[PDB]
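Here's target.pdb, which has PDB, C-alpha atoms (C1' of nucleotides):
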```pdb
ATOM      1  CA  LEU A   1     -35.683 -24.098  -6.892  1.00  0.00           C
ATOM      2  CA  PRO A   2     -36.518 -21.212  -9.269  1.00  0.00           C
ATOM      3  CA  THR A   3     -36.721 -22.484 -12.842  1.00  0.00           C
ATOM      4  CA  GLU A   4     -34.848 -19.517 -14.297  1.00  0.00           C
ATOM      5  CA  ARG A   5     -31.215 -19.270 -13.208  1.00  0.00           C
ATOM      6  CA  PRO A   6     -27.764 -18.781 -14.733  1.00  0.00           C
ATOM      7  CA  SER A   7     -26.068 -22.036 -15.675  1.00  0.00           C
ATOM      8  CA  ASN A   8     -23.428 -21.492 -12.962  1.00  0.00           C
ATOM      9  CA  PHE A   9     -26.006 -20.802 -10.226  1.00  0.00           C
ATOM     10  CA  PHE A  10     -26.501 -23.558  -7.659  1.00  0.00           C
ATOM     11  CA  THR A  11     -27.929 -23.884  -4.161  1.00  0.00           C
ATOM     12  CA  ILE A  12     -27.112 -25.711  -0.935  1.00  0.00           C
ATOM     13  CA  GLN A  13     -30.486 -25.767   0.793  1.00  0.00           C
ATOM     14  CA  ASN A  14     -29.580 -27.106   4.255  1.00  0.00           C
ATOM     15  CA  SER A  15     -26.125 -25.975   5.366  1.00  0.00           C
ATOM     16  CA  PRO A  16     -24.431 -24.930   8.620  1.00  0.00           C
ATOM     17  CA  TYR A  17     -23.941 -21.452   7.100  1.00  0.00           C
ATOM     18  CA  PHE A  18     -26.853 -19.521   8.598  1.00  0.00           C
ATOM     19  CA  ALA A  19     -25.840 -15.982   7.752  1.00  0.00           C
ATOM     20  CA  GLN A  20     -27.561 -14.413   4.738  1.00  0.00           C
ATOM     21  CA  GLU A  21     -30.898 -16.018   5.601  1.00  0.00           C
ATOM     22  CA  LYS A  22     -32.655 -12.897   4.285  1.00  0.00           C
ATOM     23  CA  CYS A  23     -31.351 -13.726   0.793  1.00  0.00           C
ATOM     24  CA  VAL A  24     -34.380 -16.030   0.386  1.00  0.00           C
ATOM     25  CA  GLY A  25     -37.728 -14.650   1.500  1.00  0.00           C
ATOM     26  CA  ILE A  26     -40.247 -11.854   0.996  1.00  0.00           C
ATOM     27  CA  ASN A  27     -38.385  -8.536   0.847  1.00  0.00           C
ATOM     28  CA  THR A  28     -37.378  -7.082  -2.517  1.00  0.00           C
ATOM     29  CA  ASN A  29     -33.724  -7.161  -1.415  1.00  0.00           C
ATOM     30  CA  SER A  30     -33.784 -10.975  -1.395  1.00  0.00           C
ATOM     31  CA  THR A  31     -31.919 -12.798  -4.151  1.00  0.00           C
ATOM     32  CA  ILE A  32     -34.697 -15.411  -4.335  1.00  0.00           C
ATOM     33  CA  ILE A  33     -38.248 -14.235  -3.608  1.00  0.00           C
ATOM     34  CA  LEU A  34     -40.960 -16.649  -2.459  1.00  0.00           C
ATOM     35  CA  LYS A  35     -44.625 -15.879  -3.106  1.00  0.00           C
ATOM     36  CA  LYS A  36     -47.696 -18.053  -2.664  1.00  0.00           C
ATOM     37  CA  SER A  37     -48.266 -20.071  -5.820  1.00  0.00           C
ATOM     38  CA  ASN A  38     -51.533 -19.732  -7.706  1.00  0.00           C
ATOM     39  CA  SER A  39     -54.163 -22.476  -7.972  1.00  0.00           C
ATOM     40  CA  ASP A  40     -53.109 -24.736  -5.108  1.00  0.00           C
ATOM     41  CA  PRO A  41     -52.300 -23.061  -1.778  1.00  0.00           C
ATOM     42  CA  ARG A  42     -48.892 -23.711  -0.224  1.00  0.00           C
ATOM     43  CA  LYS A  43     -46.025 -25.068  -2.360  1.00  0.00           C
ATOM     44  CA  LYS A  44     -44.772 -21.598  -3.207  1.00  0.00           C
ATOM     45  CA  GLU A  45     -42.532 -21.011  -6.212  1.00  0.00           C
ATOM     46  CA  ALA A  46     -39.345 -18.963  -6.285  1.00  0.00           C
ATOM     47  CA  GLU A  47     -38.159 -16.149  -8.552  1.00  0.00           C
ATOM     48  CA  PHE A  48     -34.494 -15.325  -9.145  1.00  0.00           C
ATOM     49  CA  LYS A  49     -33.464 -11.655  -9.078  1.00  0.00           C
ATOM     50  CA  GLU A  50     -30.029 -11.178 -10.629  1.00  0.00           C
ATOM     51  CA  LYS A  51     -29.715  -7.592  -9.391  1.00  0.00           C
ATOM     52  CA  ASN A  52     -29.852  -8.759  -5.768  1.00  0.00           C
ATOM     53  CA  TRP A  53     -27.469 -11.582  -6.710  1.00  0.00           C
ATOM     54  CA  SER A  54     -24.860  -8.963  -7.629  1.00  0.00           C
ATOM     55  CA  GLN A  55     -25.221  -7.087  -4.316  1.00  0.00           C
ATOM     56  CA  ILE A  56     -24.645 -10.046  -2.025  1.00  0.00           C
ATOM     57  CA  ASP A  57     -21.935  -9.834   0.610  1.00  0.00           C
ATOM     58  CA  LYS A  58     -20.709 -13.431   0.244  1.00  0.00           C
ATOM     59  CA  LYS A  59     -21.032 -16.095  -2.448  1.00  0.00           C
ATOM     60  CA  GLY A  60     -20.103 -19.754  -2.537  1.00  0.00           C
ATOM     61  CA  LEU A  61     -17.403 -19.975  -5.203  1.00  0.00           C
ATOM     62  CA  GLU A  62     -15.896 -23.128  -6.712  1.00  0.00           C
ATOM     63  CA  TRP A  63     -13.126 -22.802  -9.298  1.00  0.00           C
ATOM     64  CA  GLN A  64     -11.196 -25.202 -11.482  1.00  0.00           C
ATOM     65  CA  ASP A  65      -7.584 -26.078 -10.712  1.00  0.00           C
ATOM     66  CA  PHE A  66      -5.569 -22.990  -9.810  1.00  0.00           C
ATOM     67  CA  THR A  67      -1.935 -22.276  -9.044  1.00  0.00           C
ATOM     68  CA  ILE A  68      -0.165 -21.330  -5.816  1.00  0.00           C
ATOM     69  CA  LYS A  69       3.208 -19.618  -6.239  1.00  0.00           C
ATOM     70  CA  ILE A  70       5.672 -19.465  -3.339  1.00  0.00           C
ATOM     71  CA  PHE A  71       8.861 -17.440  -3.800  1.00  0.00           C
ATOM     72  CA  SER A  72      11.849 -17.368  -1.462  1.00  0.00           C
ATOM     73  CA  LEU A  73      15.541 -16.765  -2.063  1.00  0.00           C
ATOM     74  CA  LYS A  74      16.269 -19.230   0.764  1.00  0.00           C
ATOM     75  CA  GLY A  75      16.434 -22.720  -0.715  1.00  0.00           C
ATOM     76  CA  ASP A  76      16.082 -24.558   2.593  1.00  0.00           C
ATOM     77  CA  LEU A  77      12.918 -22.609   3.431  1.00  0.00           C
ATOM     78  CA  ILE A  78      11.357 -23.643   0.111  1.00  0.00           C
ATOM     79  CA  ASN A  79      12.207 -27.326   0.565  1.00  0.00           C
ATOM     80  CA  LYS A  80      10.722 -27.356   4.072  1.00  0.00           C
ATOM     81  CA  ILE A  81       7.595 -25.650   2.721  1.00  0.00           C
ATOM     82  CA  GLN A  82       7.349 -28.369   0.065  1.00  0.00           C
ATOM     83  CA  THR A  83       7.237 -31.089   2.730  1.00  0.00           C
ATOM     84  CA  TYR A  84       4.565 -29.348   4.818  1.00  0.00           C
ATOM     85  CA  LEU A  85       2.400 -27.717   2.126  1.00  0.00           C
ATOM     86  CA  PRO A  86       0.299 -30.842   1.320  1.00  0.00           C
ATOM     87  CA  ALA A  87      -0.297 -31.416   5.035  1.00  0.00           C
ATOM     88  CA  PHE A  88      -1.161 -27.762   5.702  1.00  0.00           C
ATOM     89  CA  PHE A  89      -4.082 -27.639   3.272  1.00  0.00           C
ATOM     90  CA  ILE A  90      -5.449 -31.001   4.425  1.00  0.00           C
ATOM     91  CA  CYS A  91      -5.515 -29.749   8.028  1.00  0.00           C
ATOM     92  CA  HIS A  92      -7.045 -26.310   7.350  1.00  0.00           C
ATOM     93  CA  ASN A  93     -10.179 -24.771   5.867  1.00  0.00           C
ATOM     94  CA  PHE A  94     -10.489 -21.237   4.505  1.00  0.00           C
TER      95      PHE A  94
ATOM     96  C1'   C B   1     -40.792 -27.024   7.988  1.00  0.00           C
ATOM     97  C1'   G B   2     -41.876 -22.394  10.048  1.00  0.00           C
ATOM     98  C1'   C B   3     -39.806 -17.940  12.214  1.00  0.00           C
ATOM     99  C1'   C B   4     -35.534 -14.959  13.581  1.00  0.00           C
ATOM    100  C1'   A B   5     -30.184 -11.772  13.891  1.00  0.00           C
ATOM    101  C1'   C B   6     -26.354  -9.885  16.775  1.00  0.00           C
ATOM    102  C1'   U B   7     -20.693  -8.646  17.304  1.00  0.00           C
ATOM    103  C1'   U B   8     -15.951  -6.458  15.766  1.00  0.00           C
ATOM    104  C1'   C B   9     -13.882  -0.978  12.514  1.00  0.00           C
ATOM    105  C1'   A B  10      -5.461  -0.059  14.117  1.00  0.00           C
ATOM    106  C1'   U B  11      -2.285  -1.243  16.814  1.00  0.00           C
ATOM    107  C1'   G B  12       3.147  -1.990  17.284  1.00  0.00           C
ATOM    108  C1'   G B  13       8.201  -0.569  14.483  1.00  0.00           C
ATOM    109  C1'   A B  14      11.149   2.752  11.372  1.00  0.00           C
ATOM    110  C1'   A B  15      10.399   9.580  11.863  1.00  0.00           C
ATOM    111  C1'   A B  16      16.164  10.533   8.531  1.00  0.00           C
ATOM    112  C1'   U B  17      21.231   8.131   7.478  1.00  0.00           C
ATOM    113  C1'   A B  18      26.295   8.647   5.035  1.00  0.00           C
ATOM    114  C1'   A B  19      29.687  11.479   1.092  1.00  0.00           C
ATOM    115  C1'   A B  20      31.471  16.078  -0.310  1.00  0.00           C
ATOM    116  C1'   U B  21      32.213  21.768   3.905  1.00  0.00           C
ATOM    117  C1'   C B  22      35.056  25.225  -0.891  1.00  0.00           C
ATOM    118  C1'   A B  23      38.652  23.914  -4.928  1.00  0.00           C
ATOM    119  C1'   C B  24      42.128  26.427  -8.905  1.00  0.00           C
ATOM    120  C1'   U B  25      44.058  31.121 -10.673  1.00  0.00           C
ATOM    121  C1'   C B  26      45.709  35.872  -9.777  1.00  0.00           C
ATOM    122  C1'   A B  27      48.650  37.766  -3.703  1.00  0.00           C
ATOM    123  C1'   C B  28      50.138  43.449  -6.619  1.00  0.00           C
ATOM    124  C1'   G B  29      51.427  44.998 -12.373  1.00  0.00           C
ATOM    125  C1'   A B  30      53.191  49.797 -14.958  1.00  0.00           C
ATOM    126  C1'   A B  31      55.218  55.110 -14.210  1.00  0.00           C
ATOM    127  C1'   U B  32      58.379  58.137 -10.982  1.00  0.00           C
ATOM    128  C1'   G B  33      64.614  56.512  -8.137  1.00  0.00           C
ATOM    129  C1'   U B  34      64.531  63.042  -7.995  1.00  0.00           C
ATOM    130  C1'   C B  35      62.797  67.678 -10.526  1.00  0.00           C
ATOM    131  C1'   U B  36      62.442  73.458 -10.850  1.00  0.00           C
ATOM    132  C1'   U B  37      64.762  78.041  -8.907  1.00  0.00           C
TER     133        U B  37
END
```
Please rewrite the model in this file as structure tokens.
Amino acid sequence: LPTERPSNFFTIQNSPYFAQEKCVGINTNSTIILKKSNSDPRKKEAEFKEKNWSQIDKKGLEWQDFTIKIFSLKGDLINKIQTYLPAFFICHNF
RNA sequence: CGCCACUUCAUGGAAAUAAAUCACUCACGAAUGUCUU
């Protein structure tokens, strides 16, 4: 973990998401750059580059509670949506 | 823990449809109804 990061910046080290593996490494385009630490060999330390953080294709975003608005002039459609909406989100990922 | 990327870049439908297609006014008015030898 680089010990200089924005307060909203967090990492999931081992995840099934294996795209964007170049975001941590050697090249200057990487968001987090690993170089061999001084003194002791191995046990490299990481540096956070905010400029590369901005130009990342995908980010893991978690928000507070947010609203979903469904509009329909058909009352029976809305009431059927109300029954199935809690089940729909439980059964699906996005 | 180390190392490492490929793939995909628009199809289907609608392509004009109805309303009004000339309306009103003037449709001849005035002079001459014989004149001069």
>> Show me, as a PyMOL selection string, every residue of chain B with an atom at most 12 Å from chain A, counting all atoms listed in the file.
In response: chain B and resi 1+3-6
> Hey, what comes out of the PyMOL selection byres ((chain A and resi 59-69) around 10) on this file? Could you write it as a list in words?
Replying inline: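 Output from the PyMOL selection byres ((chain A and resi 59-69) around 10), applied to this file: residues 8, 9, 10, 11, 12, 20, 53, 54, 56, 57, 58, 70 and 71 of chain A.
For the atom pair formed by atom CA of residue A:49 and atom CA of residue A:14, the distance is 20.8 Å, given to one decimal.
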>> Expand the PyMOL selection byres ((chain A and resi 52) around 9) into the explicit residue set it covers here, and present it as a PyMOL selection string.
In response: chain A and resi 23+28-32+48-51+53-56
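Interatomic distance, atom CA of residue A:39 against atom CA of residue A:27: 22.8 Å.
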>> Please report the interatomic distance between atom CA of residue A:72 and atom CA of residue A:90 in Å with one decimal.
In response: 22.8 Å
>> I'd like to know which of A:16, A:2, A:75, A:86 is closest to residue A:46, using only C-alpha atoms.
In response: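 Comparing A:16, A:2, A:75, A:86 against residue A:46, the winner is A:2.
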